[PDB]
Amino acid sequence: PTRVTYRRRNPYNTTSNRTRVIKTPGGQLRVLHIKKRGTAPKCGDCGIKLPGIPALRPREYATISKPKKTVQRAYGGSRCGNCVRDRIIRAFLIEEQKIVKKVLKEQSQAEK
Amino acid sequence: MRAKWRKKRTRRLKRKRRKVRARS
Amino acid sequence: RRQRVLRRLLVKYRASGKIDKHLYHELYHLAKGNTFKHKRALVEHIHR
Amino acid sequence: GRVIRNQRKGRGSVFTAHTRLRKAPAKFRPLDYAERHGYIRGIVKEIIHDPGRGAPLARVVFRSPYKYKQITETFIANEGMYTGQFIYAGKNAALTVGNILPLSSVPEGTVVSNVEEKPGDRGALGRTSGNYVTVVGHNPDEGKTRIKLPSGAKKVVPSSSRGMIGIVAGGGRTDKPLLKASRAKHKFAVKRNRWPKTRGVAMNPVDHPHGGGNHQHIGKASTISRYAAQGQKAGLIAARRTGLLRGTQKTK
Amino acid sequence: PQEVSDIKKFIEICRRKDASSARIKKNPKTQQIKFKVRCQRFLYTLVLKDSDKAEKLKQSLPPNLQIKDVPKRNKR
Amino acid sequence: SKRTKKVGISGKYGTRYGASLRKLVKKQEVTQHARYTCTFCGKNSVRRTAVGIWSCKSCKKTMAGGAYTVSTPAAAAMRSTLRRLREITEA
RNA sequence: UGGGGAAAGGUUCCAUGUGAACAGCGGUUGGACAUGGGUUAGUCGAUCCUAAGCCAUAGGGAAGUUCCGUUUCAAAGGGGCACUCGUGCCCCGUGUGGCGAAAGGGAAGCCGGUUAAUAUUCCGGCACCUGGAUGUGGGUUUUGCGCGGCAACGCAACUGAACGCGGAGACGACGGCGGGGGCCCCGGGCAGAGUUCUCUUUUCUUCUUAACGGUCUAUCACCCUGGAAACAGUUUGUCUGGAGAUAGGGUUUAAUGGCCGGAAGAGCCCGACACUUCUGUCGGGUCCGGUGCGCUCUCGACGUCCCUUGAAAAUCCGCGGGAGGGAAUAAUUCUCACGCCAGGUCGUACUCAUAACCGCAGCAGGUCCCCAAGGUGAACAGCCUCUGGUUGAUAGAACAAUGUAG
RNA sequence: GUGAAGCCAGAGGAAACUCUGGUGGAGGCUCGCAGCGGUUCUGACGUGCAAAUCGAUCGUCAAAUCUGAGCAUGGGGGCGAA
Ligand SMILES: [Mg+2]
Ligand SMILES: [Mg+2]
Ligand SMILES: [Mg+2]
Ligand SMILES: [Mg+2]
Ligand SMILES: [Mg+2]
Ligand SMILES: [Mg+2]
Ligand SMILES: [Mg+2]
Ligand SMILES: [Mg+2]
Ligand SMILES: [Mg+2]
Ligand SMILES: [Mg+2]
Ligand SMILES: [Mg+2]
Ligand SMILES: [Mg+2]
Ligand SMILES: [Mg+2]
Ligand SMILES: [Mg+2]
Ligand SMILES: [Mg+2]
Ligand SMILES: [Mg+2]
Ligand SMILES: [Mg+2]
Ligand SMILES: [Mg+2]
Ligand SMILES: [Mg+2]
Ligand SMILES: [Mg+2]
Ligand SMILES: [Mg+2]
Ligand SMILES: [Mg+2]
Ligand SMILES: [Mg+2]
Ligand SMILES: [Mg+2]
Ligand SMILES: [Mg+2]
Ligand SMILES: [Mg+2]
Ligand SMILES: [Mg+2]
Ligand SMILES: [Mg+2]
Ligand SMILES: [Mg+2]
Ligand SMILES: [Mg+2]
Ligand SMILES: [Mg+2]
Ligand SMILES: [Mg+2]
Ligand SMILES: [Mg+2]
Ligand SMILES: [Mg+2]
Ligand SMILES: [Mg+2]
Ligand SMILES: [Mg+2]
Ligand SMILES: [Mg+2]
Ligand SMILES: [Mg+2]
Ligand SMILES: [Mg+2]
Ligand SMILES: [Mg+2]
Ligand SMILES: [Mg+2]
Ligand SMILES: [Mg+2]
Ligand SMILES: [Mg+2]
Ligand SMILES: [Mg+2]
Ligand SMILES: [Mg+2]
Ligand SMILES: [Mg+2]
Ligand SMILES: [Mg+2]
Ligand SMILES: [Mg+2]
Ligand SMILES: [Mg+2]
Ligand SMILES: [Mg+2]
Ligand SMILES: [Mg+2]
Ligand SMILES: [Mg+2]
Ligand SMILES: [Mg+2]
Ligand SMILES: [Mg+2]
Ligand SMILES: [Mg+2]
Ligand SMILES: [Mg+2]
Ligand SMILES: [Mg+2]
Ligand SMILES: [Mg+2]
Ligand SMILES: [Mg+2]
Ligand SMILES: [Mg+2]
Ligand SMILES: [Mg+2]
Ligand SMILES: [Mg+2]
Ligand SMILES: [Mg+2]
Ligand SMILES: [Zn+2]
Ligand SMILES: [Zn+2]
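Residue numbers (the entry's author numbering), protein chains in the order written: chain Lg, 3 to 114; chain Lr, 1 to 24; chain LR, 97 to 144; chain LA, 2 to 253; chain Lk, 2 to 77; chain Lp, 2 to 92.
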């Protein structure tokens with residue numbers, strides 16, 4: 003039932019002084035200071051968390067290899083994939099509608 | 001990747017190239 | 097506690113095959129209302 | 002005596018405006034060549050609420066006719082606008098809710114909002130929740146348009162002024178009672194330091210012109226002249242009449 | 002600390018420029034034998050359950066680096 | 002098992018603020034906490050977020066409406082007027 | 001009335017010695033007097049970034065000390081390359097200062113031992129981050145810049161300049177519910193101790209496992225087949241479904257979960273021998289289950305309230321685009337494994353209060369936080385106890401009046 | 001402690017709609033510890049522990065509650081639920 007104390011000079015509970023209780027091989031109860039929890043990146047359009055990418059603080063992403071930070075397809079990061087399919091379909095149909103519109107206007111109205 | 005990361009890599013290649021020219 | 101006990105029993109009966117889904121769904125809403133006092137009262141109603 | 006309360010508010014020390022939570026002001030785009038001769042369109046990204054105001058704001062994204070980038074804007078949202086809507090601005094824009102087109106290309110009888118007093122000042126008139134202005138008639142020669150303001154007054158503005166079709170969202174905000182002292186405090190705590198407010202009759206003669214006495218009373222006529230020295234204007238200023246409004250009001 | 006799964010690559014580790022030393026610890030109670038080597042960055046550990054293969058391993062590794070026995074109650 | 006005769010939702014106010022004032026606020030509270038059918042997806046899930054903002058919980062669309070109602074009679078009357086005026090005059 | 005800190009104090013901390021003075025009585029004792037000694041960091045803070053706010057520059061006022069002004073009626077900046085040699089060329093340009101947080105934002109250290117007095121710093125063992133240089137192994141290529149899966153996506157690597165888009169940093173209060181660590185509680189076993197007129201297979205204590213890595217797994221959500229009214233699935237709390245439910249099979253965010261390393265060689269508890277001391281040596285043990293509206297911290301999915309909707313910047317990553325560059329005997333701008341070098345400056349002792357701060361003082365006053373055992377009980381109520389801490393407030397004798405308290 | 005909307009089941013009626021038992025957890029609601037405040041005894045002390053303290057009894061206690069550091073307003077001026 004031993005009580006514990008901080009190990010740094012900050013005595014306040016201020017969302018940056020995060021602790022957890024551990025038991026040591028010497029049979030004592032100590033306090034171990036820990037960092038904050040990373041957040042998973044979200045999607046560009048819909049706003050849901052992308053699968054296959056870990057959640058870390060913004061600085062740790064500089065030490066990890068490229069294949070662990072992306073997904074092998076167009077717009078690998080920042081886009082969920084459901085939205086990527088929508089972009090492919092939407093882009094194709096719009097241009098097709100442009101072809102018929104210009105032929106209809108150029109032919110049926112400039113025949114004279 | 002940040003600029004300092006890219007500058008270091010291209011600076012390395014320049015050093016390697018000059019040594020080869022000096023040797024040959 | 098009582099709601100968990102009744103709901104757990106109904107899942108067991110449906111999977112084994114003692115009752116089908118049509119009787120299961122009706123009993124589920126009957127249990128949500130204050131109909132069955134305890135586990136014994138529910139199984140007795142199933143037999144009838 | 003000392004300096005009375007309403008004289009101190011001009012020094013701007015404690016009675017300033019809280020602006021930490023406000024992101025940007027609400028304006029139109031600057032008048033440009035594309036919007037003077039044709040039209041351009043933009044997407045509505047978000048409908049957001051900013052503190053200290055009704056009339057929820059809308060964020061719109063336009064392109065750049067001269068450079069490879071896009072610019073985001075901030076308008077006041079008319080009732081009926083929705084996320085993802087295409088809205089158009091220019092001289093030849095269609096006449097639908099949410100569009101922005103010069104006041105000349107508008108038939109009489111339509112309601113608009115955020116009207117420019119002069120072409121290019123980005124919105125001055127009719128920009129409060131549930132308010133609008135109405136066009137009355139045109140003068141095609143020496144182009145000038147008659148409009149009717151929410152207070153009832155009539156005004157003449159140049160024919161090139163702009164306005165956005167519809168009615169400012171927010172509806173009937175001021176119908177339900179505040180009903181609680183706390184609710185009034187929350188409303189004003191994000192605007193200014195003006196709550197609560199003390200009656201001048203309960204003060205002392207050194208503090209306010211209404212002053213003290215053995216009974217709480219004013220002691221002299223409460224209507225103050227139009228040209229009086231600062232520190233004297235405490236009451237009904239330049240009142241034309243007074244009392245309960247029985248008949249109809251001739252002024253329009 | 003890092004496991005070495007098999008015998009083949011453990012001797013490969015010991016044949017390195019920065020392999021400073023090595024030691025042997027044996028646990029009689031659980032009938033287990035552990036081989037440890039100290040490199041520049043990590044301390045690789047190899048675990049053997051049998052005792053016969055231990056003798057062959059001791060002599061196969063290069064003679065340059067030292068080998069110790071890790072007695073009980075190491076002095077402070 | 003009705004728990005109230007006439008007070009209704011405004012029973013949280015107890016015996017304060019006077020009978021008449023509670024009636025006016027009840028008129029406006031009832032219509033803002035309800036749910037409305039979405040005009041785009043058709044599901045019955047649209048709820049008020051801010052003083053003049055309503056959003057669908059299913060298709061994620063966001064629309065600006067009245068203070069305590071999705072639309073106001075004045076705004077509704079204007080769409081018909083604007084539609085009728087536009088299509089006869091220019092077409 | 002315990003164990004540690006912020007503000008403030010400044011040697012009060014530790015050892016040896018001591019006549020007077022001070023400790024409202026005494027004094028061999030002391031926070032007093034005299035002489036010596038004590039505070040070690042690439043990882044803990046400051047240093048970096050901005051908030052409310054303050055002050056230079058361009059300009060305008062004032063006889064003047066100086067007042068206003070912070071992007072404003074300003075010709076206001078920085079990037080690359082090559083030359084024997086610095087002094088010669090070539091692009092881009094809307095914008096262009098500093099100060100301001102030891103509780104906000106933020107690259108990186110854990111266990112054991114040690115001193116009369118310091119340690120996440122010193123010693124031993126085992127790790128990590130940033131910056132700068134370079135070589136071997138493996139990868140790719142004669143189809144010049146990798147393969148697999150229907151799919152969500154996977155793996156040890158697997159070109160990417162100008163300009164552009166997006167994400168993380170980045171955020172309210174309250175309510176019930178579920179998972180994990182620590183503590184408390186119950187049963188059995190091995191050691192040592194207390195009690196014993198009588199009873200008690202009895203009562204009490206010890207039985208521990210860090211950072212950092214490998215491997216197998218855990219709500220939400222997402223993908224493939226198929227096509228639902230006798231409507232079904234389902235939460236303590238009615239939400240979900242032809243905009244594709246139930247059901248069957250798969251992928252993935254999230255360990256303070258299991259096992260292995262680190263690691264028993266450590267720490268702790270018993271037993272048997274040694275002796276001026278410098279000094280010790282050698283034996284054993286260090287397990288197995290159960291329980292819950294329990295207490296505390298943390299994570300996740302839902303819900304309620306608003307005329308209230310609950311900061312910014314430095315910093316880091318992915319993508320769109322296709323500039324430039326490059327092998328057939330090697331070349332290589334491979335974010336993969338291992339290896340080489342370096343990390344400056346100031347604070348760190350002690351108290352944090354019925355004696356170390358402020359009240360004229362060793363003053364019943366005032367002064368911001370962290371950890372939180374057993375029993376009775378609804379309970380952080382009151383009353384009793386264990387760990388740890390005090391036994392310090394001038395004393396001896398007698399028991400009238402009048403008092404203060406019960 | 002009290003138990004507002006929303007939801008589930010049963011019963012009555014030609015209909016409009018009404019009854020009964022549960023579920024849920026709203027409110028400048030309520031009893032009451034720590035904190036904050038300061039009603040009565042017109043108690044203690046009144047060359048006091050104290051140039052405002054001490055004891056018993058009391059007001060509020062999830063919200064217009066209590067509080068630390070950083071910055072702003074300077075004397076005929078500031079600030080003021082007065
Ligand atoms: Mg590509
Ligand atoms: Mg870039
Ligand atoms: Mg204006
Ligand atoms: Mg005020
Ligand atoms: Mg008043
Ligand atoms: Mg008075
Ligand atoms: Mg006067
Ligand atoms: Mg007067
Ligand atoms: Mg009166
Ligand atoms: Mg201490
Ligand atoms: Mg002494
Ligand atoms: Mg004395
Ligand atoms: Mg003496
Ligand atoms: Mg003495
Ligand atoms: Mg001392
Ligand atoms: Mg001294
Ligand atoms: Mg070093
Ligand atoms: Mg640090
Ligand atoms: Mg520095
Ligand atoms: Mg700077
Ligand atoms: Mg100045
Ligand atoms: Mg000048
Ligand atoms: Mg600074
Ligand atoms: Mg900090
Ligand atoms: Mg070290
Ligand atoms: Mg060391
Ligand atoms: Mg490095
Ligand atoms: Mg090679
Ligand atoms: Mg790319
Ligand atoms: Mg913050
Ligand atoms: Mg728990
Ligand atoms: Mg217990
Ligand atoms: Mg036992
Ligand atoms: Mg372990
Ligand atoms: Mg464990
Ligand atoms: Mg399934
Ligand atoms: Mg082990
Ligand atoms: Mg041992
Ligand atoms: Mg031993
Ligand atoms: Mg208990
Ligand atoms: Mg707490
Ligand atoms: Mg210290
Ligand atoms: Mg303390
Ligand atoms: Mg004191
Ligand atoms: Mg207790
Ligand atoms: Mg109990
Ligand atoms: Mg208690
Ligand atoms: Mg003490
Ligand atoms: Mg006496
Ligand atoms: Mg007496
Ligand atoms: Mg008496
Ligand atoms: Mg209350
Ligand atoms: Mg007090
Ligand atoms: Mg008195
Ligand atoms: Mg006296
Ligand atoms: Mg008192
Ligand atoms: Mg009494
Ligand atoms: Mg009481
Ligand atoms: Mg505050
Ligand atoms: Mg003066
Ligand atoms: Mg004056
Ligand atoms: Mg004077
Ligand atoms: Mg006040
Ligand atoms: Zn998406
Ligand atoms: Zn919808």
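The beta-carbon is built from N, C-alpha and C at its ideal position, and this holds for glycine as well.
Cutoff 8 Å; reference Lk/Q32; Cβ partners in own chain excluding five residues on either side | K50 and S52
Touch check for the region 3-19 of chain Lg and the region 50-65 of chain Lg: three-plus C-beta pairs under 8 Å?
-> no
Give, in chain order, every residue of the region 48-61 of chain Lp whose Cβ lies closer than 7 Å to some Cβ of chain LA.
-> Correct list: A51, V52, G53 and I54.
Check whether the region 182-193 of chain LA touches the region 159-174 of chain LA, taking contact to mean three or more Cβ pairs, one atom from each stretch, closer than 8 Å.
-> no
What three-state label does DSSP hand Lg/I90 in the structure shown?
-> helix
Determine the DSSP secondary structure at Lp/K7, reduced to helix, strand or coil.
-> coil
Less than 8 Å separating the beta-carbons of LA/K28 and LA/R123?
-> LA/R123 sits close to LA/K28, with the two beta carbons spaced by under 8 Å.
Give a yes or no on whether the C-beta atoms belonging to Lg/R32 and Lg/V6 are separated by under 8 Å.
-> In contact: Lg/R32 and Lg/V6 (Cβ atoms closer than 8 Å).
Please classify Lk/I14: does DSSP put it in a helix, a strand, or coil?
-> helix
Helix, strand or coil for LA/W196 per DSSP?
-> coil
How many Å lie between LA/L58 and LR/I142 at the Cα?
-> 59 Å
Rounded straight-line distance, which links the Cα of Lp/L83 to that of Lp/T32 | 27 Å
So Lp/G53 packs on LA/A56, CB below 8 Å; how close in whole Å?
-> 7 Å
If we count the other Cβ atoms within 10 Å of its Cβ and call it buried at 16 or more, is LA/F16 buried or exposed?
-> exposed
Does any CB atom of chain LA fall closer than 8 Å to the CB of Lp/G67?
-> yes
Option nearest LA/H218 by Cα separation, candidates LA/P206, LA/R227 and LA/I225 | LA/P206
Can you pull the chain LA residues whose beta carbon is under 7 Å from the beta carbon of Lp/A75, in chain order?
-> Within chain LA, the residues near Lp/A75 are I168.
Compare the Cα-Cα distances from LA/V137 to each of LA/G153, LA/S130, LA/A170 and LA/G131 and report the closest residue.
-> Nearest of LA/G153, LA/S130, LA/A170 and LA/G131 to LA/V137, Cα basis: LA/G153.
Taking C-beta pairs closer than 7 Å, name the residues in chain Lp that LA/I101 reaches, listed in chain order.
-> The premise fails here: LA/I101 is roughly 15 Å from chain Lp at the closest Cβ pair, so nothing lies under 7 Å.
From the DSSP output, which residues share a beta bridge with LA/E74?
-> LA/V61
Short check: CB of LA/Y40 to CB of LA/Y89, under 8 Å?
-> yes
Where does the unbroken alpha helix (DSSP H) through LR/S112 begin, and where does it stop?
-> Note, LR/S112: alpha helix (DSSP H), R98 to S112.
Lk/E56 versus Lk/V48 - alpha carbon distance | 14 Å
Are the CB atoms of Lg/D47 and Lg/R81 nearer to each other than 8 Å?
-> yes
Could you work out which residues of chain LA lie near Lp/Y18, taking near to mean beta carbons separated by less than 7 Å?
-> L180
Terminal residues of the alpha helix (DSSP H) in which Lg/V23 lies | Counting along the chain, Lg/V23 falls outside any alpha helix (DSSP H), though it belongs to the beta strand (DSSP E) covering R20 to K25.
Is LA/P103 helix, strand or coil by DSSP?
-> The answer is strand: DSSP assigns LA/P103 an E or B state.
Closer than 8 Å to chain LA by CB, Lp/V8 = Cβ-Cβ to chain LA under 8 Å: no for Lp/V8.
Whose CA, out of LA/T97, LA/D51 and LA/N7, lies closest to the CA of LA/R21?
-> Among LA/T97, LA/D51 and LA/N7, the Cα nearest to that of LA/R21 is on LA/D51.
Range covered by the alpha helix (DSSP H) that runs through Lr/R18 = Element bounds for Lr/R18: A3 to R23.
Considering only the beta carbon of each residue, do LA/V158 and LA/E109 sit closer than 8 Å?
-> no
According to a CB-to-CB cut-off of less than 7 Å, which residues of the region 19-46 of chain Lp neighbour chain LA?
-> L22, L25, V26 and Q29
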